[PDB]
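Structural characterization, general
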Amino acid sequence: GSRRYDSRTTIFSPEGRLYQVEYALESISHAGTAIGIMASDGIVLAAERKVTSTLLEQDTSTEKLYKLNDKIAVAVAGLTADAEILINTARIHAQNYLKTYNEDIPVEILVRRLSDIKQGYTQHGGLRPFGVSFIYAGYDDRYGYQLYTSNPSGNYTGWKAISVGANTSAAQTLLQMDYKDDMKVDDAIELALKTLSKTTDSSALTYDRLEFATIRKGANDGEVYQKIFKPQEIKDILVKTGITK
Amino acid sequence: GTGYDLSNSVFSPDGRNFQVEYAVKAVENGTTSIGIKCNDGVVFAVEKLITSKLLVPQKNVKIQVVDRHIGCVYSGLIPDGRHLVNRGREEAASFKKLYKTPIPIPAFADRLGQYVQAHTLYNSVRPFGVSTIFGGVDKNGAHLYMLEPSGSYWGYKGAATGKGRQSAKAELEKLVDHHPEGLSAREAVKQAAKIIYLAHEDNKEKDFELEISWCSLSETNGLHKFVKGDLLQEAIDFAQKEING
Amino acid sequence: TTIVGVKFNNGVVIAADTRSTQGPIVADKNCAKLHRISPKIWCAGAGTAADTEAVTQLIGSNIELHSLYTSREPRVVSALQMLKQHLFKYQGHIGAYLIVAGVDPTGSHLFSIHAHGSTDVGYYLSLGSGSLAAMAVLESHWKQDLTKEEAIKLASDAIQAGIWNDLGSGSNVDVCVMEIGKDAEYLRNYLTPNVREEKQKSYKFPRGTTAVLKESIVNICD
Amino acid sequence: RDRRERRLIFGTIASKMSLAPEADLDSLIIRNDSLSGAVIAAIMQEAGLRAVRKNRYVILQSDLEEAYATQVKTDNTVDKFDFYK
Amino acid sequence: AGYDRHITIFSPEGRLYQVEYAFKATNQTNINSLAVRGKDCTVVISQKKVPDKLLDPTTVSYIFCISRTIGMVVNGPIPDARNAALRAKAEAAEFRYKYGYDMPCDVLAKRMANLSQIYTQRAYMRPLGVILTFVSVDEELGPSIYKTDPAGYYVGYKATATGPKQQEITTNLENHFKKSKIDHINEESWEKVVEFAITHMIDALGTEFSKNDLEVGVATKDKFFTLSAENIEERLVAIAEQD
Amino acid sequence: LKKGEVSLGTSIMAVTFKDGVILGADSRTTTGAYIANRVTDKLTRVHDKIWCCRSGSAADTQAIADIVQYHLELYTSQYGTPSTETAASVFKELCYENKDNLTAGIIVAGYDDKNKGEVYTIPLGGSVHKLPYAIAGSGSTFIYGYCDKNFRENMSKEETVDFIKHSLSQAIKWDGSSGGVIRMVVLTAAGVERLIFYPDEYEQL
Amino acid sequence: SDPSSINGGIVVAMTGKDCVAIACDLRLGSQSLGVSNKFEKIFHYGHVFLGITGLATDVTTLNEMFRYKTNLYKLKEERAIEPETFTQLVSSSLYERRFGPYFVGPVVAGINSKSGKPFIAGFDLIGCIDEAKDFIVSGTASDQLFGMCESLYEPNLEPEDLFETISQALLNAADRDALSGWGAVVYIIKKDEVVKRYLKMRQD
Amino acid sequence: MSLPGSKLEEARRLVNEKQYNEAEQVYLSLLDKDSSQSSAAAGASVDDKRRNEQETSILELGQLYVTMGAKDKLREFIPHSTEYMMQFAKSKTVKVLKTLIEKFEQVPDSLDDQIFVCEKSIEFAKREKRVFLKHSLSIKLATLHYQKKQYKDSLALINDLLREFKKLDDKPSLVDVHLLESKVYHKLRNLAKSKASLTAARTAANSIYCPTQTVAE
Amino acid sequence: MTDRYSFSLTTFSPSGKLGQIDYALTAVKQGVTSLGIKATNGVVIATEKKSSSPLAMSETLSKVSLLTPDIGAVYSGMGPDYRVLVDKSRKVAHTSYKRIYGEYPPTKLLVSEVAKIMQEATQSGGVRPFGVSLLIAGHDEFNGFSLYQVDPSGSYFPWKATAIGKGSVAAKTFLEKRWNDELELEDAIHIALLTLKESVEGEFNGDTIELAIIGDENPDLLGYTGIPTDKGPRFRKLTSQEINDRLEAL
């Protein structure tokens, strides 16, 4: 009935933790691999896709990687529909900040606020949170570039090089020894393309399964520029970086 | 387990859940109360089983007459039977509020069936485990409708409940061949004590007490009366006149 | 504000001027006072033209969604109770006289709408401030069994009587013909009673007659 | 069994039986899909027994459709294919 | 865990166990009916069983008057039958309040089905497995019959019935509709159309009845009524004179 | 009565003849000085046979009276048409809570095969009553005493039409707030009939 | 009178040939007492400007409400918006609450980025719809500009000729009113770039 | 008169009743008359329901132009109606053209009649590209080259089809191109490559169902 | 008093996906077969209509409805699950930019708002998800036409030519074989008939196969002779006879 079929998965389980958080890691494991990288001249953000076919059309191309602001981006790992609720929700809280102080918000404010949204489902209401992990990338006038990664449990830690999805510990190992304090845009992309080739079971790496949108400092001017690269420009990246497949 | 006993919100292969079937046994274990529908009016009957001399006769009355123009009587569980009385008399007061007219019997029957069908839809709401027998006099004529614990109700020229429901109605069909429309309903009052006396053979334990609350198309013309004095002992002696021993 | 209408045998025709007057000075010389509920039903109203679309666009869109809901045809009387209960919820605090006309599966209909909760019906209807000027002409020449060509000149001269006798009307006249058999016919600028010619001496300000201090370019995108 | 496969057995047993030219299985051939030889072999049985009950010599097209209910669908409990109803 | 006997979840077979038991037995009432459409009118006939001498035949009906032009055909449990009837009658008046026209078949059939489909979303509230058939005569399109299934299935039906014999009458009507190539009955004189539908009903049953043993009604143009005891008996006697 | 709605009443009346009742009204629609609608017909239909006069608030009789049609189909459609007092009592309830805002009187004259043409008149105060015949409105002030003197109990058909036509003629000619053409309705077992009178008829009597 | 007229100032907007001219003043204050000489009524997001006239409660504070849904349009669609499309959000926002409506009529002027057709928009405080091919203005002093461009503006004028028409008409209109004055800034709307030019007028 | 079928069925029997010219003048008058619905196939009248009857009138022209030898005039009648079939629903464009050849290939016609009109569909295939109709006509176009005894042009059309058949199936059209290819290599005295054509044709015959006329050949 | 059940749906199984979604695709494989393609010259939406009784008229059944004149939609599996969405979509779209702006948002972000509600039905307590998958095409402003697939989760799928329903794996490969730079409107009809019809069996008629085209604007569908600021309702559906006429062309 209404009791025996309710096991209260949101409270403490006999293992001492939450089943909804532990089992969501497998959903993250099945989710596409998104490797964030914060370089000196910008922040490199890559992502994969689900079942790329020949007739699959890429126009907007943003699925697991969005852009909150010209200076602030966002990346999600998990079910896309579960994230879409909180993709524009953080923007509503961001637009309320514009209504508040009329300026640009640092990322650290919206990191913890969205953590209590999924945590509030376990706290009360009898609802269930989302198994989607969040990756935050933004700019600041104090700390400079900012790259953060969240989890459905509510933990947030700063990461200059982060990897989620399948082969989490495998991709972070190659990026740890190959990390350098000084990396430009072209240096961080070549290290990410070689890592994504070993994450999946496909043959090498192509432009169709690569979701890539990054940020730099200025374009014509020296500040405040970001653009989401079209899949036609992604094919030209393989030629510039010297790595075909 | 089977789900039909715990939850009434599921579907039975016979159309009636086991939970609804348990309500039938609760009504048959009560006290037999019959009803009369004839050309001169509608006559009810009610009996109170005496467990000990501590009980006082002519006090507890299971017949609940809505205003003077509509009678009603229940069986089985006391609280489930009186729960409908408060709702049935409240809708009758709301009827005279809007329309400023007395409520007919057919308009009174739909308000009862709506509460039973609504409580079986919600799994958290406990349905009614009692049977309802109601009648009276309206601007048209004599009408008698019995509400089963499942909620099914339709036209009845006679009513019975408790022990020997279908056995007590056998004497009602004998009056159909004698009186096609029922003719005089005053003699049926004496026949009511005889029909209840038929169930006294197997059910005899301690002393019995019979009460009769009726309404007529001719004498009352919508009013309400009660059997007392000479009419009280005349019907009782008629049931014992056939079989003295 | 002068709007009229004529209901003939094969349908109903409505007309409204393009001259809008807000306050003592004319706010807009060219506009459209004939609104739309469904493709076969055109609406008209007096007073503020935006007050009509604050209601009609809410109900008319639902009627268009109600067309595929019944999957047959939009209905004229379906916009009555929706519009009548809408003004009853707000107690009709916005004074307006609406005119709704269209073709339902039954036929052609011309309905009137008063300020608060009141709706009427008639063969010919004119509402607004310039209604009294146009209504008097409609009382003069009328008869049974009216046709399309007879209803155009009757509604056109009614507005011309309202344009000349009322300062709140002018510019051109937009005649909207709605036929039962065919679809609606909307003819914009059917008449040109008001034609303003060019001024005599052309006034052209030469370049450099102002005082410029700084100069810059407004940012757009990078 | 496709339409080409079932047609060959139709003209096999029916060759020895006298059949009216106005009777044809095109109504039962198009609608039926994925059947076996048992359903085909009983077309000469049930429709043949239908002609025995009424003492009919040939078999008309009506008896072919009347026997279609018992022939194909063997479920007497509740209808068939309750998915989309 | 995994069983639908209390809660409602998706079964591994892709079909809800509640939807099964709703579709399996609607015949627990053990009653049959039929619905056909004439030219300008609609004729419906429902079997009636009175297993008592004390039952008022005027009270028991499976056909309730919704609007002036609208009838209804319901088969299933009696208490759950009036749950959709009292709601449809309350929703029929809402059409005039919102619009002020007569309820068309494309609305009342859609509203009750959408209300029944919400029960698929709500796990706490029980849906209704009662057969719902809304019959009426439209002014523009003429006769129409829409049968609302408990799972939300409703579509155009030229004819429909109930009980296990629904497919038996369908076979006899399909042959007549195939040659004439018409969905409804082009024959006028609905008095003779009622006897035409009884002939197909006798073939499934094989017995006769009395005036109070058959629930019959005729939906006419801008009117819907219910045949009394004398009107039903007149047609059962007159059919024997013809054939 | 509020702003923007046309005042009902003025010239209205109903007379109960032998078996039946005949409603009648003139055709005029006015706010303060003008005639907005010259084809105006004042009627309220809760049933085929049972009709009602249109009085009090114009917005209420075209909405609230239609709301009564909504509540009437939750009963009549289930069983059958009730008496006249049943439908007339709803006018008292819906106007009781709005009495501080919406003030509308209603004159209810129905037809029945038993109570016949008994009329139930509700004044501006929103109270149901029972009268054989009643006349109200600001334009009928002249004809109140005329129908209380020469009236005869249970007239015939043409005599009742003439009794109403001769009465309504005085309210049309001698009033500036009442006028137009007389539109009546026939309520009887034979059916419902509609009649209209020309200005050249009731003027010469 | 009008509580939003305590500040003052107006926004003038016109339509030329492949060009749009829109301008306002720098005056801000309370009644006859001025406050802000740097205040600017014209706001810009996208390719189209936004003028606003009225009380700063409904000017500067509600400006966060315009960019609230505008940025959501920008962060979702990631494209431009037609002047007729954004104008409906303006009107609809005023008719949401009929008892409490906002008293600032906006001015909307821009050039179409798709078909390339200049169009102007913006309404009054109640939200009444006024759209023409010549000029759409608002405010208390807007009554002057109704007849000014009739004897000045000509169909199909160059951006330089249109600049002299809107500038000369605005400078004299501000001298006649106590609610307008203290400098006039003029923006020249082109297909892509916009040129800003400061002007000098009578101070007192 | 009013009903277009009255002047149709009556003029249909005038072929054997009197002569060709008596029934020909009736169809010329029915061209610009009797509007029905949809768009205008005649250009002086709209054709929807009469388009089916207008096709019958075109089929009656196949009894005149083809039998007498006037097909040179009928060869120019198809492109005249081609611009007309681009107005109303295009479902009739292939349906009418499919029924034209059946009457056209009966009489021992001339090769130049069908080749010129088939190239018109090829010239029209540039603006409106139909791969189904052009390849369907190419099967009968290569059949003309079989009667022309030129196998070089017939093979060039098949080579372009076989190149696209590697990435496609075209099972109903894959058996026909191999069935006609066997006729090309048989007259050249080839028992190997001609046998390999029918070998691949029988492969697709076991997947889906080919029509009886194709399976028989 | 109603809705006393606050608990969510089935929690995470030892899988990594949701069991409610996995069983939802079962009704899609057992439902009707639908497809769609964007030819840039037109958008053809074709599907099959299952009729299990000879007395059931398919004229009332319409699987392709119109939310907006330039956007077509088709579903699979459970029929009435899409009917309730239409009633909800038209109400949510009414509160959408239709009321806010003068035009509804494009197919890309308009379906995402509708599909967001479908995901809310998979989360909030007491509501239950559907078993259906939707193929929703449409015409945008700058991007021209569009096609999108919607799972019961509600994630948008920007495809070109795709097919769902019974035998979707076999019918999807055929769409990948026939492609070029730009197709046409009539070509998409003939390709769909050689795919949809030849995949299933038993329904050879046009009453049981619903096909509609997008991008064709007839002048009789506007209803007014006034200034045509917009083309019109590009959505067009073939009648009963026009569908069978498409079959005679192959």
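Residues numbered from 1 in each chain as written, not as in the entry; some residues may be left out. Chains lettered and ligands numbered in written order. Part of a larger assembly, values for the part shown. Heavy atoms only, no water.

What to know about the overall build of chain B
- On a plain count of helices and strands, chain B comes out with seven helices and nine strands.
- Against the 2.2 N^0.38 benchmark of 18 Å for 245 residues, chain B shows a C-alpha radius of gyration of 18 Å, consistent with a compact globule.
- Over its C-alpha atoms, taken along the principal directions, chain B stretches across nearly 55 × 45 × 40 Å.
- The 245 residues of chain B split such that 53% are buried.
- For chain B, the proportion of contacts with a sequence separation of at least 24, taken over those separated by at least 6, is 62%.
- Where the 30 positive side-chain charges of chain B centre and where its 29 negative ones centre are 6 Å apart. (Helix = DSSP H or I, 4+ residues; strand = E, 2+ residues; numbered from the N terminus. Rg over C-alpha atoms; globule rule 2.2 N^0.38 Å. Buried < 20%, exposed > 50% of the residue type's maximum accessible area, 1.4 Å probe, protein only. Contact = heavy atoms within 4.5 Å. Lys, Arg positive; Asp, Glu negative; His and termini not counted. Charge placed at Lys NZ, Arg CZ, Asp CG, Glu CD.)

Here's the deal with the interface of chain C and chain E
- Taken residue by residue, the interface counts 11 residues in chain C and 13 residues in chain E.
- Interface area, chain C with chain E, both sides summed: about 1200 Å², of which 52% is carbon and sulfur.
- One can count two salt bridges joining chain C with chain E.
- Note that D138 of chain E is salt-bridged to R72 of chain C, the shortest N-O span being 3.4 Å.
- Scanning the region where chain C abuts chain E turns up four residue pairs in polar contact.
- Counting only elements with at least two residues in the side of chain C that touches chain E, the list comes to α2 (56–70) and α3 (78–89) of chain C.
- Sorting elements by how many residues they give to the side of chain C that touches chain E places α3 of chain C first, with four residues.
- The class makeup of the residues in the side of chain C that touches chain E is three nonpolar, six polar and two charged. (Buried area = accessible area lost by both parts, 1.4 Å probe. Salt bridge = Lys/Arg side-chain N within 4 Å of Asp/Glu carboxyl O. Polar contact = N/O pair within 3.5 Å; in protein donor to acceptor, adjacent residues only side chain to side chain. Nonpolar A, V, L, I, M, F, W, Y, C, P; charged D, E, K, R; others polar.)

Considering the UniProt feature "active site" in chain C
All names here are of chain C.
- Within the UniProt annotation, "active site" is assigned to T1.
- Position of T1 among the secondary structure elements: in the segment before β1 (3–8).
- Take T1: its relative accessible area is 13%, and that puts it in the buried class.
- When near neighbours in sequence (up to four residues on either side) are disregarded, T1 contacts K33, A46, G47, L127, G128, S129, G130, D166, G168 and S169. (UniProt positions renumbered as here; feature names shortened; annotations may be inferred.)

Comments concerning the nonpolar core
- Judged by nonpolar contacts, the single largest core of 35 residues is most densely connected at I103, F108, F134 and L147 of chain B together with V46, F91 and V108 of chain F.
- When residues of this core are traced back to their parent elements, those giving at least two are β4 (70–74), α2 (78–98), α3 (105–119) and β6 (142–147) of chain B together with α2 (64–72), α3 (84–97), β5 (106–109) and β6 (119–122) of chain F.
- Setting aside residues no more than four positions away along its own chain, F108 of chain B makes contact with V66, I70, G88, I103 and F134 of chain B. (Core = buried A, V, L, I, M, F, W, Y, C linked by side-chain atoms within 4.5 Å.)

Quick notes on a nonpolar patch on the surface
- Together, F81, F83 and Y84 of chain D make up a nonpolar patch on the protein surface, roughly 300 Å² of accessible area in all.
- Position of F81 of chain D among the secondary structure elements: in the segment after α6 (68–71). (Patch = residues over 30% accessible without salt bridge, like charges linked within 9 Å, V, L, I, M, F, W, Y side chains within 5 Å. Areas by Shrake-Rupley, 256 points an atom, 1.4 Å probe, with all protein chains shown as cover.)

Notes on a negative patch on the surface
Residues and elements named next belong to chain A.
- On the surface, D41, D181, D182, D186 and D187 cluster together into a negatively charged patch.
- One can find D181 in the loop between α4 (168–177) and α5 (185–196).
- A relative accessible area of 70% means that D181 is categorised as exposed.

Description of the sheet that holds strand β8 (residues 192–196) of chain F
Residue and element names in this part refer to chain F.
- Across the sheet, four strands lie side by side as β1-β2-β7-β8; this open sheet has antiparallel pairing. A strand with exactly one partner marks an edge of an open sheet, and here the two such strands are β1 (12–15) and β8. With strand direction ignored, the average angle separating the axes of adjacent strands in the sheet is 15°.
- Strand direction decides the pairing type here: β1 and strand β2 (residues 21–25), joined by four bridges, are antiparallel. If you follow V15 over to β2, its bridge partner there is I22.
- Sitting on the sheet, helix α4 (residues 157–173) is in contact with β1, β2 and β7 (183–187), with an inclination near 160° to β1. (Pairing = 2+ DSSP bridges. Axes fitted to C-alpha atoms, helices over the stretch in contact; angles between N-to-C directions.)

Concerning the packing of helix α4 (residues 50–68) of chain H against helix α6 (residues 91–104) of chain H
Residue and element names in this part refer to chain H.
- One can describe the packing of α4 onto α6 by two numbers: an axis separation of 10 Å at closest approach and a directional angle of 25°. On the basis of their axis angle, the class for α4 and α6 is roughly parallel. Both α4 and α6 take part in a crossing whose hand is right-handed. In this structure, α4 contributes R51, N52, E55, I58, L59, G62, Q63 and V66 to the contact, and α6 contributes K92, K95, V96, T99, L100, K103 and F104.
- For the contact of α4 with α6, the per-class residue count stands at six nonpolar, four polar and five charged. (Parallel < 35°, antiparallel > 145°, perpendicular 65-115°, else oblique. Left-handed = near helix turned anticlockwise from the far one by under 90°.)

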